[PDB]
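**Q** experimental structure and sequence below.
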Amino acid sequence: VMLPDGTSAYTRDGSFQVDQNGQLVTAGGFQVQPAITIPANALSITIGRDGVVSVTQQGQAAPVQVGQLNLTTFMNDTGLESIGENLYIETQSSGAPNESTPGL
Amino acid sequence: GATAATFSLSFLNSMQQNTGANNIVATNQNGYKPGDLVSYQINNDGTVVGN
Amino acid sequence: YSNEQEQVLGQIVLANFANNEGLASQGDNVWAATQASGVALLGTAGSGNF
Amino acid sequence: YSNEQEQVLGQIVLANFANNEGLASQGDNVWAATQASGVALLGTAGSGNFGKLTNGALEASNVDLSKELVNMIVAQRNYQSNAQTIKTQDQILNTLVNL
Amino acid sequence: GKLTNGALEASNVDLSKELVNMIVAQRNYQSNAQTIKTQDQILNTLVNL
Amino acid sequence: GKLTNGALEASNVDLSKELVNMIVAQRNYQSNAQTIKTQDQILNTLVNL
Amino acid sequence: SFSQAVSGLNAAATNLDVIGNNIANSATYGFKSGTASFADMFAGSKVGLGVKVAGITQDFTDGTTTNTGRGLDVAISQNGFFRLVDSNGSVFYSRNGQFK
Amino acid sequence: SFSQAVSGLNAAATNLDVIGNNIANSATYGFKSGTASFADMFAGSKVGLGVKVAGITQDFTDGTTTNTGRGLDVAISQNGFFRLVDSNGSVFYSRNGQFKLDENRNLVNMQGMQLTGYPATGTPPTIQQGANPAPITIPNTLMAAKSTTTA
Amino acid sequence: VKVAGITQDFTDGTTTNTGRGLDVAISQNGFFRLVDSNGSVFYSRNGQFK
Amino acid sequence: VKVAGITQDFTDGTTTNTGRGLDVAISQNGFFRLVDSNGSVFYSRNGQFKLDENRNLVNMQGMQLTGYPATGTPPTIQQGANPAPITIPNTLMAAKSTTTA
């Protein structure tokens, strides 16, 4: 997730909401990377086992992919520093953030 | 204009005895016309068979 | 009416929001638009996303 | 018509899916095509993988009430057993709290 | 269609079909009542917890 | 509307639906009483502490 | 959920009322039987929220033609409807041919 | 702990709701029974966290074909689905055969969705299967005369 | 702990038949748009109108 | 005390008929072999198999049922071949010129 400072925090809570602009944000109002935008006329949101986010529009015969949700892993999970709001940030004891597809 | 079918026709197992009259017992051939999928099933021994 | 003729008097408009949750409930089973919910998109029933 | 002459006005089309169970029920005893159900294959009755139409007749439901009235009993018993487990855990937590 | 004089058209209600449908609908109603009773017992079990 | 002489307008109350609504309202009342009992237990714990 | 059972009970009651009304009109000139048409009401979830009556459909099949011996009763065969007017000029239609 | 029995209770409630829905639709033409599918929820520990409802599966088996005597009741034996269109143009599929001829002369079901099919074009009209399905209509438009060309 | 929010569950409820011609129920998404005496705009799913 | 382990009870359950042609159960011993979308191989006794969009036989969770494929004309079960996901194609089955009568 992207903090207002532009830095990246990491959260495990999955209750996501949509802001007035149509983007996916964490329930604390923080915008979760990658930028996954849900359009105005969305009927149903399908998030697959591998993090592929799709929406189905009215009158459109095929579902439309609006992004790809990835998972970040750390070689040392304990070293992450909590900043509240169910958010962890990376320290030097928490290794480095490794982005990966959910199932890889 | 299609290629004529060349095949081995066999009268094996046939017989000539004092029957009722000259009659054909059976005929078989391994060719078939084009067919589209109609049904599918899973057999008792596990084979998947499409009819 | 009684002259075997009918007269349309209006069409009920429906509102759809970009964030249905951000709505601030005012009670009386009634919601109010909020910056979190965004502006209301107006339309007719049974058409589009309505 | 009245001149002793027939005219065709249209032919009913039938749709078959790769995955019938992937259809989403929209109510009004009506199904909707979805990606899991696959694209609808259109055709005519009595040809390919489409059954014939029976005119002047209606297809009734396949719900067997004897079977359902049995099931319901089994599900009631399972639900009550789960509630018993819930109350057991409640008594456990009460025991630990009372210390 | 033409008009028949000195005659009246009766109703098209067959009593046998109506009686059989009444029996079937009664059975369906009792099945739904059994469902209602099932939900009643479930809710009673939860409240008695 | 039209007036019909020699006839009376009976009530529009159907007993079956009213009985079902009574059952549902009884269940709602019992659940609400359970909530009341739950609140009565939390204040007891705090008062006793 | 109580809603599905309540809707099913209401639909069964409606069907039973329709059947009883048809029975009450077994001997009624110009009467057409009725049948309730049911539809399910799936709404978002897959749990089958309940059932609803989509409407009541008439059965406009000609009944048996019975002679009465009076000249002022007219039976109608095949399609068609007798046209009547009330005291206020409204137009109505009926298959009953008992006139005076 | 609690979540295990909570998931069990939720699964039992879903099963009972599916059964109640099936019963409520005992007499509904074109209805297919539903059944809940359950699966385990193991997560690392061997204690078996809980159960979840994997989905609802329909039983797409043919029901009884009951004679009604109307000419607009048509039943699909074996596989097949009637194709319908609403006012938005969305395509739907249904096994119901209760079609009614509306005021605009189209074949629609009880809820008003228009039955679709291959239209007839030309003189004499014949079904052209190369076209996309269109709503079926039955106009009263008098049929014109054809001067003879072959006797 | 801190209450992160109070989120609603905007799933469609059961459609219960009543028989009043002034009652309207919303299927799928959409809201009824209302105004009070002060001109404030409100949104409600309750369809019991008089 | 120490929890030594969790032992499964691998006894055969009741076989209940459903009437679905894609529904199959195992009596006695044996497990169905499935493959995940990432290629990981699993084993399960559940027999709720359905045809997916791409004409493959998958269970509820989307794992493809695996087995010996068919090759040749006419095709035959290749007992020496590695198990592969089962697919039921709807492709047109061509004609064979007659060879023996």
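**A** That came in fine, so what should we check first? Numbering: from 1, shown residues only, chains lettered A, B, ... in the order given.

**Q** need the contact list for whichever residue of chain A sits closest to chain D.
**A** Shortest chain A-to-chain D distance, computed as C-beta to the nearest C-beta: residue-wise this is residue A:63, at 5.5 Å. In short, each C-beta sits where N, CA and C put it, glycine included. Contacts for residue A:63 were tallied using C-beta atoms under 8 Å, 6 or more residues apart in numbering or on different chains; they are A:46, A:54, A:55, A:56, D:35.

**Q** can you tell me the SS state at the closest residue to chain I within chain G?
**A** Closest contact between chain G and chain I, by C-beta to the nearest C-beta, is at residue G:3 (3.8 Å). Here residue G:3 is helix, with the state taken from DSSP: H, G, I helix; E, B strand; the rest coil.

**Q** circling back: narrow the contacts of residue A:63 to those in strands?
**A** Residues of the contacts of residue A:63 located in strands (DSSP state E): A:46, A:54, A:55, A:56.

**Q** pretty sure the second one sits against residue A:65.
**A** Spelled out, that is residue A:54. Yes. If you go by C-beta atoms under 8 Å, residue A:54 and residue A:65 touch, sitting 5.0 Å apart.

**Q** follow-up on the earlier one: most neighbours out of the contacts of residue A:63, which is it?
**A** Most neighbours among those, by other C-beta atoms under 10 Å in any protein chain shown: residue A:55, with 19 neighbours.

**Q** export the ones in strands among the contacts of residue A:63 to a markdown table and append columns for distance to residue G:84.
**A** A markdown table is the format used below for those (distance: C-beta to C-beta, whole Å):
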| residue | distance to residue G:84 |
| --- | --- |
| A:46 | 59 |
| A:54 | 61 |
| A:55 | 57 |
| A:56 | 53 |
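
**Q** separation between the residue of chain A most remote from its centre and residue C:37?
**A** Computed with C-alpha atoms, centre = their mean, the residue of chain A farthest from its C-alpha average is residue A:59, at 28.1 Å. Shown here: residue A:59 relative to residue C:37, a distance of 25 Å by C-beta to C-beta, to the nearest Å.

**Q** contact partners for whatever residue of chain A ends up closest to chain I?
**A** Residue of chain A nearest chain I, by C-beta to the nearest C-beta: residue A:27 (5.6 Å). By C-beta under 8 Å, 6+ apart, the contact set of residue A:27 is A:13, A:15, A:16, A:17, I:4, I:5, I:7.

**Q** ok, the nearest residue to residue G:91 once chain neighbours are set aside to residue G:93 distance?
**A** Distances taken as C-beta to C-beta, 6 or more residues apart in numbering or on different chains place residue G:85 nearest to residue G:91, at 5.9 Å, with adjacent residues excluded. Counting by C-beta to C-beta, the gap from residue G:85 to residue G:93 is 11 Å.

**Q** hey, what's the residue minimising distance to the centre of chain G bridged with?
**A** Central residue of chain G (C-alpha atoms, centre = their mean): residue G:34, 3.2 Å from the mean position. Beta-bridge partners for residue G:34, by DSSP bridges, are residue G:58.

**Q** parallel or antiparallel, list what pairs with the strand or helix carrying residue G:66.
**A** Taking DSSP states H and E as the definition, one finds residue G:66 inside strand G:65-67. Sheet pairing of strand G:65-67 (DSSP bridges) gives strand E:7-9 (antiparallel).

**Q** looks like the residue farthest from the centre of chain A contacts residue H:88 (just checking).
**A** Yes. Judged on C-beta under 8 Å, residue A:59 makes contact with residue H:88 at a distance of 7.1 Å.

**Q** quick check: residues of chain G near chain F?
**A** Residues of chain G found near chain F (C-beta under 8 Å from any C-beta of the partner chain) are G:2, G:6, G:9, G:10, G:13.

**Q** now the residues you listed in a markdown table, with neighbour count, secondary structure and distance to chain B?
**A** As requested, the residues of chain G next to chain F are exported to a markdown table (neighbours: other C-beta atoms under 10 Å in any protein chain shown; DSSP: H, G, I helix; E, B strand; the rest coil; distance: C-beta to the nearest C-beta, whole Å):
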| residue | neighbour count | secondary structure | distance to chain B |
| --- | --- | --- | --- |
| G:2 | 20 | helix | 41 |
| G:6 | 25 | helix | 41 |
| G:9 | 23 | helix | 40 |
| G:10 | 23 | helix | 41 |
| G:13 | 16 | helix | 42 |
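
**Q** skipping its backbone neighbours, what lies nearest whichever residue of chain B sits closest to chain H in space?
**A** Ranked by C-beta to the nearest C-beta, the top residue of chain B for proximity to chain H is residue B:39, at 9.1 Å. Leaving aside its sequence neighbours, residue B:39 sits nearest to residue B:51 (C-beta to C-beta, 6+ apart; 4.6 Å).

**Q** again with residue G:3
**A** Counting by C-beta to C-beta, 6+ apart, residue G:3 lies nearest to residue I:14, which is 3.8 Å off, once chain neighbours are set aside.

**Q** wait, the one you found sits on residue G:49?
**A** Yes. Assessed by C-beta under 8 Å, residue I:14 is found in contact with residue G:49 at 5.0 Å.

**Q** fine by me, we can end here.
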